[PDB]
There are 2 protein chains.
Amino acid sequence: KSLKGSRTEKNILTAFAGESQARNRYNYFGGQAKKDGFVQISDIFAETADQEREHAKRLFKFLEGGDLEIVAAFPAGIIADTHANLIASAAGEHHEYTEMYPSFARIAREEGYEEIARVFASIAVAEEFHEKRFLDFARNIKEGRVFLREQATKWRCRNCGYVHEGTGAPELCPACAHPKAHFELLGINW
Amino acid sequence: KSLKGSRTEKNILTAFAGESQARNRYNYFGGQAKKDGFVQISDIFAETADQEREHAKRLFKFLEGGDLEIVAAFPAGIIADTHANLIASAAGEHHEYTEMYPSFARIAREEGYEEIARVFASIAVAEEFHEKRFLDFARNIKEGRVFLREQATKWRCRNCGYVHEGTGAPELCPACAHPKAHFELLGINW
Ligand SMILES: [Fe+2]
Ligand SMILES: [Fe+2]
Ligand SMILES: [Fe+2]
Ligand SMILES: [Fe+2]
Ligand SMILES: [Fe+2]
Ligand SMILES: [Fe+2]
């Protein structure tokens, strides 16, 4: 049925507004992460921003047109160091998957919008993993484990693919000469 | 010392030529992988192409100028199905890390170009992992394990970040509605 006049219609636009701002914030944090010498984290922020773009698109497509007024609170700033940005981002993700989306989903189910409710619940799953990544990286930074680990392991240069074996990433990639900032733990998800 | 007239100078340009063609081939294969419904593989081809761009840049920067003639054989085509493209790509990587770069490195050391020799040896390491990825993905396709596994595991939608738990990726992402093609095994390399 139509969304016109329902609380769900307002909630969808509210979610769209938040998703849109998150995309921008994450891209800015990605830029800051690059400046702070954290390439993997920078690319993660960029990827997360792209995924928020997709959450927003799905939501946007449910709308039926017209200008709708919404009342909502958003983070007024700010861009800080990468650790701080990761913490702030995780906090935003947390509110989304623990409070906002579950609430929007429940209201959607109550008003009879089952498909939309399932979408809100599904997006919440994505946001929870987004938070996990942000918290994990913040922890790595705080503990000084981004480029150094207890036992020897494999590190991959994101710039050229060079693989280094050791307790920590090298100061300079021996293949492409790019700085340590480009290294990440070698991952194999296949 | 100067590279002018050395065999290493020729080898560097030869490597640059091959690296350059590999970049194009991989980008084309990436496009084909997208058409075949393999998003993770498509992005891997694109990333690999970007890394070949960097191998080429490091090599290019060693050169001292002028037009140099080279004699070398290259793959004349072709673009086929993704499995075939992965196999062909792996074969190219194999020649590079088992024959070409080790030979270029040895000649470089013999002519007194230690830094360049180390770069050739280092690039070879990158190419070996490139091959591993290509062979692994080709095997997944051949065995029908790209989107389905024996035991239940976690699958991530590359488009929106949704996480699905089960033996296989869903036909449609419940969050962004994109097809199964966008799913990959959830990876955590940090
Ligand atoms: Fe989102
Ligand atoms: Fe998110
Ligand atoms: Fe590198
Ligand atoms: Fe290469
Ligand atoms: Fe390669
Ligand atoms: Fe999705």
# chains A, B, ... in the order shown; residues from 1 in each chain; ligands from 1
>>> residues_near_ligand(ligand="ligand 5", cutoff="10 Å", atoms="only C-alpha atoms and all ligand atoms", output="ChimeraX atom specification")
/A:160-161 /B:19,22-23,26,45,48-53,55,89-90,92-94,96-97,123-131,134
>>> select_by_dssp(residues="chain A", states="strand (DSSP E)", output="ChimeraX atom specification")
/A:148-157,163-168,183-185
>>> interface_residues(of="chain B", to="chain A", cutoff="10 Å", atoms="only C-alpha atoms", output="JSON, numbers by chain")
{"B": [40, 41, 47, 48, 49, 50, 51, 52, 53, 54, 55, 56, 57, 58, 59, 115, 116, 118, 119, 120, 121, 122, 123, 124, 125, 126, 127, 128, 129, 130, 133, 136, 137, 140, 145, 146, 147, 155, 156, 157, 158, 159, 160, 161, 162, 163, 164, 173, 174, 175, 176, 177, 178, 184, 185, 186, 187, 188, 189, 190]}
>>> closest_residue(among="B:84, B:117, B:39, B:17", to="residue 71 in chain B", atoms="only C-alpha atoms")
B:17
>>> select_by_dssp(residues="range 126-165 of chain A", states="helix (DSSP H, G or I)", output="mmCIF file with N, CA, C and O atoms, in the first residue's frame")
data_model
loop_
_atom_site.group_PDB
_atom_site.id
_atom_site.type_symbol
_atom_site.label_atom_id
_atom_site.label_comp_id
_atom_site.auth_asym_id
_atom_site.auth_seq_id
_atom_site.Cartn_x
_atom_site.Cartn_y
_atom_site.Cartn_z
ATOM 1 N N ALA A 126 24.063 -4.708 8.416
ATOM 2 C CA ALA A 126 25.219 -4.115 7.757
ATOM 3 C C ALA A 126 25.913 -3.115 8.673
ATOM 4 O O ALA A 126 27.140 -3.090 8.760
ATOM 5 N N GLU A 127 25.123 -2.292 9.359
ATOM 6 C CA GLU A 127 25.678 -1.284 10.249
ATOM 7 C C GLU A 127 26.420 -1.923 11.424
ATOM 8 O O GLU A 127 27.416 -1.380 11.895
ATOM 9 N N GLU A 128 25.952 -3.073 11.903
ATOM 10 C CA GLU A 128 26.648 -3.710 13.020
ATOM 11 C C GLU A 128 28.048 -4.151 12.604
ATOM 12 O O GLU A 128 28.991 -4.032 13.387
ATOM 13 N N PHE A 129 28.199 -4.660 11.382
ATOM 14 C CA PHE A 129 29.526 -5.070 10.943
ATOM 15 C C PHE A 129 30.374 -3.828 10.681
ATOM 16 O O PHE A 129 31.583 -3.842 10.910
ATOM 17 N N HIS A 130 29.750 -2.755 10.195
ATOM 18 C CA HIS A 130 30.486 -1.509 9.969
ATOM 19 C C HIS A 130 31.105 -1.109 11.306
ATOM 20 O O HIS A 130 32.275 -0.740 11.376
ATOM 21 N N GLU A 131 30.308 -1.182 12.370
ATOM 22 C CA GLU A 131 30.806 -0.812 13.692
ATOM 23 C C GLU A 131 31.969 -1.700 14.106
ATOM 24 O O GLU A 131 32.970 -1.213 14.628
ATOM 25 N N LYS A 132 31.832 -3.005 13.885
ATOM 26 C CA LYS A 132 32.896 -3.930 14.255
ATOM 27 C C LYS A 132 34.215 -3.532 13.610
ATOM 28 O O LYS A 132 35.248 -3.507 14.273
ATOM 29 N N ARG A 133 34.183 -3.224 12.317
ATOM 30 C CA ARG A 133 35.405 -2.832 11.627
ATOM 31 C C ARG A 133 35.991 -1.571 12.245
ATOM 32 O O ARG A 133 37.183 -1.516 12.541
ATOM 33 N N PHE A 134 35.154 -0.560 12.447
ATOM 34 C CA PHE A 134 35.634 0.689 13.021
ATOM 35 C C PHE A 134 36.226 0.494 14.420
ATOM 36 O O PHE A 134 37.297 1.024 14.721
ATOM 37 N N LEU A 135 35.538 -0.262 15.273
ATOM 38 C CA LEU A 135 36.039 -0.499 16.624
ATOM 39 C C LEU A 135 37.338 -1.294 16.605
ATOM 40 O O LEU A 135 38.261 -1.002 17.365
ATOM 41 N N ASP A 136 37.407 -2.303 15.742
ATOM 42 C CA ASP A 136 38.607 -3.124 15.636
ATOM 43 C C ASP A 136 39.808 -2.283 15.217
ATOM 44 O O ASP A 136 40.893 -2.406 15.791
ATOM 45 N N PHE A 137 39.620 -1.430 14.213
ATOM 46 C CA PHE A 137 40.713 -0.586 13.750
ATOM 47 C C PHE A 137 41.120 0.441 14.804
ATOM 48 O O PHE A 137 42.308 0.709 14.984
ATOM 49 N N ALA A 138 40.143 1.010 15.504
ATOM 50 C CA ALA A 138 40.447 1.981 16.553
ATOM 51 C C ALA A 138 41.296 1.287 17.616
ATOM 52 O O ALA A 138 42.262 1.856 18.122
ATOM 53 N N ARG A 139 40.928 0.052 17.945
ATOM 54 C CA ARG A 139 41.664 -0.715 18.946
ATOM 55 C C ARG A 139 43.089 -0.993 18.467
ATOM 56 O O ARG A 139 44.040 -0.921 19.247
ATOM 57 N N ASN A 140 43.241 -1.308 17.185
ATOM 58 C CA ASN A 140 44.568 -1.571 16.638
ATOM 59 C C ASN A 140 45.439 -0.323 16.775
ATOM 60 O O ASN A 140 46.612 -0.413 17.131
ATOM 61 N N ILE A 141 44.861 0.841 16.495
ATOM 62 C CA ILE A 141 45.602 2.093 16.604
ATOM 63 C C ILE A 141 45.989 2.358 18.055
ATOM 64 O O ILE A 141 47.148 2.650 18.357
ATOM 65 N N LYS A 142 45.023 2.234 18.954
ATOM 66 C CA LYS A 142 45.276 2.486 20.368
ATOM 67 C C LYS A 142 46.353 1.577 20.954
ATOM 68 O O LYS A 142 47.164 2.012 21.777
ATOM 69 N N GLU A 143 46.366 0.322 20.518
ATOM 70 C CA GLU A 143 47.328 -0.656 21.012
ATOM 71 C C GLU A 143 48.634 -0.706 20.228
ATOM 72 O O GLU A 143 49.543 -1.453 20.586
#
>>> residues_around(residues="residue 69 in chain B", least_positions_apart="2", cutoff="12 Å", atoms="only C-alpha atoms", output="VMD selection string")
chain B and resid 5 7 9 to 14 17 66 to 67 71 to 72
>>> atom_distance(atom1="CA of residue 169 in chain A", atom2="CA of residue 148 in chain A")
6.6 Å
>>> closest_residue(among="B:100, B:3, B:33, B:73", to="ligand 4", atoms="only C-alpha atoms and all ligand atoms")
B:100
>>> closest_residue(among="A:88, A:63, A:105, A:70", to="residue 18 in chain A", atoms="only C-alpha atoms")
A:70
>>> closest_residue(among="A:62, A:21, A:8, A:182", to="ligand 2", atoms="only C-alpha atoms and all ligand atoms")
A:21
